[PDB]
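Colleague: This structure is in structure tokens; I'll ask about it shortly.
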Amino acid sequence: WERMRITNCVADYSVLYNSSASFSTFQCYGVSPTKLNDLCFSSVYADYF
Amino acid sequence: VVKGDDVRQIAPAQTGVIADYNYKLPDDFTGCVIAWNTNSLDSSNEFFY
Ligand SMILES: *[C@@H]1O[C@H](CO)[C@@H](O[C@@H]2O[C@H](CO)[C@@H](O)[C@H](O)[C@H]2NC(C)=O)[C@H](O)[C@H]1NC(C)=O
Ligand SMILES: CCCCC/C=C\C/C=C/CCCCCCCC(=O)O
Ligand SMILES: *[C@@H]1O[C@H](CO)[C@@H](O)[C@H](O)[C@H]1NC(C)=O
């Protein structure tokens, strides 16, 4: 698996509604999914496999 | 009638297309949610969101 760094971003997932991607699993730990639009993060990493 | 990958969005404190723009539930929700597959009945009709 590989990892990526996320910096200098405006994280709005609503653009994903404009695409054609559907997620069968989406679960967050430590945060409610409804509080991701009014919150700011410090260091974001993304692992994919 | 929901897409099938959006059955998980019919729950309190959720996010997505359905939870934001189509059908919401309160955080303090009391009740039950029931779902089942109807591929043999609803696959030849028009449904929107
Ligand atoms: C949503 O996605 C569509 C394409 O699915 C985008 O529309 C394109 O926008 C670009 C940039 O302006 C144009 O050059 C294209 O002609 C548009 N159409 C297509 C079919 O590619 C659209 O900009 C996206 N964003 C929003 C907010 O609607
Ligand atoms: C590339 C990631 C950059 C950093 C993003 C970090 C936080 C902001 C929100 C993240 C949630 C991921 C998108 C969830 C979309 C749900 C769509 C659906 O339920 O169908
Ligand atoms: C990836 O981009 C291509 C080209 O615009 C598009 O046809 C395709 O649907 C996109 N894939 C996803 C999963 O959004």
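Letters A, B, ... go to the chains of the structure tokens in the order shown; residues in each chain start at 1; ligands are counted from 1 in the same order.
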Using only C-alpha atoms and all ligand atoms, find each protein or nucleic acid residue lying at most 8 Å from ligand 3; present the set as an NGL selection string.
Modeller: :A and (16 or 19-22)
Colleague: Would you mind exporting the chosen residues as a PDB file, in the first residue's frame, restricted to N, CA, C and O atoms?
Modeller:
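Writing the result to part33.pdb gives the following:
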```pdb
ATOM      1  N   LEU A  16     -17.901  15.242  -5.136  1.00  0.00           N
ATOM      2  CA  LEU A  16     -18.090  13.817  -5.374  1.00  0.00           C
ATOM      3  C   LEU A  16     -19.525  13.484  -5.758  1.00  0.00           C
ATOM      4  O   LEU A  16     -19.758  12.442  -6.380  1.00  0.00           O
ATOM      5  N   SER A  19     -19.659  13.569  -9.528  1.00  0.00           N
ATOM      6  CA  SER A  19     -19.058  12.432 -10.207  1.00  0.00           C
ATOM      7  C   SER A  19     -20.013  11.241 -10.151  1.00  0.00           C
ATOM      8  O   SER A  19     -21.180  11.367  -9.770  1.00  0.00           O
ATOM      9  N   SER A  20     -19.521  10.065 -10.530  1.00  0.00           N
ATOM     10  CA  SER A  20     -20.314   8.840 -10.575  1.00  0.00           C
ATOM     11  C   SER A  20     -19.670   7.760  -9.716  1.00  0.00           C
ATOM     12  O   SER A  20     -19.507   6.611 -10.129  1.00  0.00           O
ATOM     13  N   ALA A  21     -19.292   8.127  -8.496  1.00  0.00           N
ATOM     14  CA  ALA A  21     -18.678   7.208  -7.549  1.00  0.00           C
ATOM     15  C   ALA A  21     -19.632   6.957  -6.391  1.00  0.00           C
ATOM     16  O   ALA A  21     -20.083   7.904  -5.737  1.00  0.00           O
ATOM     17  N   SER A  22     -19.936   5.687  -6.142  1.00  0.00           N
ATOM     18  CA  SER A  22     -20.791   5.274  -5.040  1.00  0.00           C
ATOM     19  C   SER A  22     -19.989   4.407  -4.083  1.00  0.00           C
ATOM     20  O   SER A  22     -19.261   3.508  -4.511  1.00  0.00           O
TER      21      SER A  22
END
```
Colleague: What are the nearest atom pairs, with distances in Å to one decimal, for all residues of chain A that come at most 9 Å from chain B, using only C-alpha atoms, set out by chain and rising residue number as a Markdown table?
Modeller:
```
| residue | atom | partner | partner_atom | distance |
| --- | --- | --- | --- | --- |
| A:13 | CA | B:16 | CA | 8.9 |
| A:14 | CA | B:17 | CA | 8.3 |
| A:17 | CA | B:17 | CA | 6.9 |
| A:22 | CA | B:5 | CA | 7.1 |
| A:23 | CA | B:5 | CA | 6.9 |
| A:24 | CA | B:5 | CA | 5.5 |
| A:25 | CA | B:8 | CA | 8.5 |
| A:26 | CA | B:8 | CA | 8.9 |
| A:32 | CA | B:13 | CA | 7.0 |
| A:33 | CA | B:15 | CA | 5.8 |
| A:34 | CA | B:15 | CA | 6.0 |
```
Colleague: Check the DSSP output for the backbone and give back, as JSON, numbers by chain, the residues of chain A in alpha helix (DSSP H).
Modeller: {"A": [15, 16, 17, 18]}
Colleague: Which distance in Å separates atom CA of residue 49 of chain B and atom CA of residue 24 of chain B, to one decimal?
Modeller: 13.5 Å
Colleague: Pick from A:28, A:37, A:45, A:18: nearest to ligand 1, with only C-alpha atoms and all ligand atoms counted?
Modeller: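 Smallest separation from ligand 1 among the options: A:18.
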Colleague: Work out how far atom CA of residue 4 of chain A is from atom CA of residue 49 of chain A, in Å to one decimal.
Modeller: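 Rounded to one decimal, the two atoms are 12.0 Å apart.
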Colleague: Rounded to one decimal place, report the atom CA of residue 33 of chain B-atom CA of residue 29 of chain A distance in Å.
Modeller: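 Going from atom CA of residue 33 of chain B over to atom CA of residue 29 of chain A, I get 22.9 Å.
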Colleague: Might you pull out every residue within 12 Å of residue 48 of chain B, with only C-alpha atoms counted and same-chain residues fewer than 5 positions away left off, and present them as a PyMOL selection string?
Modeller: chain B and resi 1-3+18+22
